[PDB]
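Protein chains in written order, with the numbering used here: chain E, 7 to 124; chain U, 373 to 743; chain S, 373 to 743; chain V, 3 to 76; chain W, -7 to 152.
Structure first, commentary second.
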Ligand SMILES: Nc1ncnc2c1ncn2[C@@H]1O[C@H](COP(=O)(O)OP(=O)(O)O)[C@@H](O)[C@H]1O
Ligand SMILES: Nc1ncnc2c1ncn2[C@@H]1O[C@H](COP(=O)(O)OP(=O)(O)O)[C@@H](O)[C@H]1O
Ligand SMILES: [Mg+2]
Ligand SMILES: [Mg+2]
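Have a look at this one:
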């Protein structure tokens, strides 16, 4: 129940949490590297007629267009979820702002210090 | 740029830039012409001392407030007060700053229209907006519901608000305020021998009221105690000596708030107009209004009022509801702090009455959508 | 995938995935626009609170049900209610789930066709099916015969069924239901002094009706007892205090069911329309219908109705037949439980109105073989 | 909301993103270079989309915790 | 964590003036030989504007945790940071959200008690009276055994 013990415990657990957060961040970084590496579909670029080269690059263009279309769809969906999150953030911030909304202001500049000049 | 949050009030003009904690310059709103003849030549005697300068030369002036009860009765003097406020107390030309005046509820239209016409023609501001003095005091408390009793110095008004939706049919505006308490105190002081008559001595009586008077928790018991013992008699030194002793005038002056029959007013006290204002509201938001009763304004600074009012309302209200009275220590500047918060909001930035809009519709624009 | 068993009802929308025991989300079907002005800026005030959100802000709203008597009178509000039900109370997009709405018997065709057109065009479901609200309540009881009296909140209908063969010429639909009982209770409360007028206070009267009212076994004896003793007067605390005491209004409100002359309706009570519905059936299935009388719907939850109804029918019916009234404890959700059971059946899996079928025949497909 | 317009925007982007190249407008080696450029661009796109899925999962986290708190309010 | 960043950011124009002026005012020596090793009290008293006590107590304890009893230029800067508002001020709320996301990566709608158990196992701090007590009281802030998001949200908020 001691304050010193409580602060030591929370400090150590907070640092372990921060360490695990950096661990998760670098873990996601490695996962992204793996996913990008496995995304590539290698092509046998040598010994083919140039018209076939154009054909293959156009096929990859179609693949790219489809993939970026999937990215657009998921971005739009996550954006709608973003709008929903903004609404729920409005809900909680309103329920708490009923008491702590006007906290956003600028104070303590010159009236709090410059007083003996007058 | 930054906005100017002015707050005319009646008794103290409070102004300052938006986004701070306290008004930059607070000074009484009085304009006093000299009344004697004047024999020294070249002394540099002006024709009218305004603001805090006329509270130091008040011995030879005739101070007269330009705002009687919320409404403005002397437009030239009010223009002079505004000019002083802009140029000497803040030293910012109004050509480069939006302004946010404040106005009591249920005031005459012509007052508001003349105010906006002055601000747009004489001082030539970029854009000004007029807000009701109670919504700001509700902003400053960080709430979004609650019924706020803003007992200023001119007029006491009681605006209930729920979930951000104001209830226009439940505003109870009463014209008893600090000035009438000053006059009543000056009238009951004559029962001991002290006579204050001059308009300059009204300031001395106001100082007595501020420093000594307090609101009694129970009136009859205090009247009985002050009539037997002498533990209440507090003395006070006039601006020239000759100390005076105030007996049971201490809690009889601010008692007028809860019994306006003392100064001959018919209406019920501030303890019962709040309950009436609540009962006009719908049956489902009365608990929230009971629990979030807010006090504001200068006159609610009497020592011991937040307990007397709670006792009275608890007597009136049903026994089950919880009665809570929010009395922040920064009561006096609550309206101005709320004004600063409102002017600092991003969502509010498009509600100003832009000058081109005024040029197209005239001063009657204020009653329109841009409220 | 799983099917969505929605059940529009009138007063409470009950929904949930097929194959469970109880609906996932149950919330009143009211859409209330705010009615006051609103002064706080940036509070995030919406233009219409639907569902259970408008039962908490009802102090400043004007709630209005979008379904009057089974039929739907305000299609935009009903669409809003459905959108809320799908997206916020269940959080499942309708593009990947069949739906099973429910509809009262003898309703206008245009209502059903518009319902299917909305479900196929706006929400774009894969397949939807509309079922009569009484057959489901018969499913939930695990029977296959019996005459079910489904006294909802909008409309009371009485569908007799034998061996799975419904008798279309013996359906007796009566428009007295819970809402009329709420209005009549609100009208007889005025005899003691309590006046409820606002559309928000109708909810308070509904709560009084739910928590206090009960059906008397014998009406005249109760009227005589309540007029002499005071053992019936039960008190109730309003949402703000000021408790009220209900005397013989307790059993007079739900008595309207058995004597619709109280609210000026001509027809006979729910005790005699069941007997008439039985007598229209053939002479050889009357014993089975007598023995398997089923109660359902919310309004049949009054304490003591399963005995009053049995006494009345036993008085009407021949002395030899046995009269039994099935009153399961899960009466309120009986229709939805039956809907879940029906949607979970394998034999039923090919009766849905597939979207390609709607594209070929238009909304009038619902009256066709796919009923 | 109004999926026809949203799909319309998607198709406008795709037709815009359909950078079809003509015949005598590069070298065969330059054609390989552009193909690999699209490859790497789409790889970065996949990394962005993977992080988007992670953040969307966190969005669902916030949604469920938020609605749970909402229910706790009652 | 943020401690070293606050220490490095002490090199500025305002707190540099503060340290210089304080040194020229009430840091000179010429005492009776008592060695004001605890002169941090003198600095706090001579500040003229006492900060929140958290900074003062962290300076009192965290500094010379080995019990050196000596203050150097770097420790002078540490004290100066303890003077002005150089704190991380609760880190980033995004850090709180990401941490709670990693906690309830299992999608419980809240940080489960087992998340706390594993985190304590990682931190290895001895289970004292405060241990487990903090976890349960934060989880049972409603005191009903139900752990909600805002509970641990505010439990970890306000701290760096
Ligand atoms: N500390 C105090 N104690 C009692 N009364 C006060 C105190 N301060 C101000 N007052 C009264 O309140 C009045 C100032 O009210 P104020 O809130 O400035 O009015 P306005 O709403 O016009 O700004 C003064 O006239 C004085 O009578
Ligand atoms: N426990 C109860 N006691 C008495 N009446 C009730 C009770 N519960 C609900 N009711 C009445 O039944 C109505 C709800 O009926 P419900 O079965 O939901 O209608 P629907 O068929 O539209 O779903 C309410 O309006 C209420 O008046
Ligand atoms: Mg005021
Ligand atoms: Mg029903």
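Idealized CB from N, CA, C, for every residue including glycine.
The shortest C-alpha to C-alpha distance from residue 72 of chain V to any of S:461, S:563, S:554, S:449 is the one to S:461. The beta carbon of residue 100 of chain E does not come within 9 Å of any beta carbon belonging to chain V, so the residue lies off that interface. For residue 378 of chain S, the CB stays at least 8 Å from every heavy atom of ligand 2. Residues whose Cβ lies closer than 5 Å to any heavy atom of ligand 1, listed in chain order: U:381, U:382, U:383, U:384, U:524, U:525, U:550, U:582, U:669, U:670, U:671, U:673. Counting only residues of its own chain and dropping the five nearest sequence neighbours on each side, residue 458 of chain S has a CB closer than 6 Å to the CB of 466.
Contact of residue 396 of chain U with chain E is assigned, a C-beta pair being separated by under 9 Å.
By the 16-neighbour rule on beta-carbons within 10 angstroms, residue 670 of chain S is buried.
Remark: the C-beta of residue 707 of chain U is in contact range of ligand 3, defined as less than 8 Å to any heavy atom. For residue 10 of chain V, not one C-beta of chain E is nearer than 9 Å to its own C-beta.
For residue 611 of chain U, there is no enclosing alpha helix (DSSP H), as DSSP gives it neither H nor E. Residues of the region 14 to 48 of chain E with a C-beta less than 9 Å from any C-beta of chain V: 34, 37, 38, 39, 41, 42, 43, 45, 46, 47, listed in chain order.
Within 9 Å of the CB of residue 677 of chain U, no CB atom of chain E is found; the nearest one sits about 23 Å away. Within the region 48 to 96 of chain W, complete alpha helix (DSSP H) segments of at least 4 residues are found at 65 to 75, 85 to 95, given in chain order.
Here residue 704 of chain U is buried. Its C-beta has 16 or more other C-beta atoms within 10 Å. The beta carbon of residue 73 of chain E falls within 9 Å of a beta carbon belonging to chain V, placing the residue at that interface. Look at residue 475 of chain U here: in three-state DSSP terms it is strand. Against chain V, a Cβ distance below 7 Å from residue 93 of chain W picks out 60, 63. With contacts defined as CB atoms closer than 9 Å, residue 616 of chain S and residue 564 of chain S qualify as a contacting pair.
Under the rule that a run must span 3 or more residues, the beta strand (DSSP E) segments found entirely inside the region 381 to 435 of chain S read 385 to 387, 397 to 399, 403 to 406. Listed along chain E are 108, 111, each with a C-beta nearer than 7 Å to that of residue 713 of chain U.
Looking at U:389, U:488, U:383, the one whose alpha-carbon comes closest to that of residue 114 of chain E is U:389.
The continuous alpha helix (DSSP H) containing residue 456 of chain S extends over residues 447 to 456. By the C-beta density criterion, residue 37 of chain W is exposed, having fewer than 16 other C-beta atoms within 10 angstroms. Residue pairing by DSSP puts residue 665 of chain U in a beta bridge opposite U:519, U:697. Chain-ordered, the chain V residues with CB closer than 7 Å to the CB of residue 101 of chain W read 66, 67, 70. For chain V, none of the residues of the region 48 to 61 of chain W brings a beta carbon within less than 8 Å of one of its beta carbons. Membership of residue 528 of chain U in the beta strand (DSSP E) is indicated by the continuous run 528 to 534.
Counting only the Cα atoms, residue 75 of chain W lies some 8 Å from residue 42 of chain W. Chain-ordered, the chain S residues with CB closer than 8 Å to the CB of residue 693 of chain U read 612, 613. Distance from the C-beta of residue 74 of chain E to the nearest heavy atom of ligand 3 is not below 8 Å.
By the rule that beta-carbons nearer than 9 Å mark a contact, residue 383 of chain S does not touch chain E.
The three-state reading of DSSP puts residue 556 of chain S in helix, counting H, G and I together. Sixteen is the threshold: when 16 or more other Cβ atoms of the shown chains lie within 10 Å of the Cβ of residue 585 of chain U, as they do, the residue is buried.
Straight across, the Cα-Cα distance linking residue 133 of chain W with residue 405 of chain S is about 36 Å. At least one heavy atom of ligand 2 sits closer than 8 Å to the Cβ of residue 585 of chain S.
The beta carbon of residue 729 of chain S sits no closer than 9 Å to any beta carbon of chain U.
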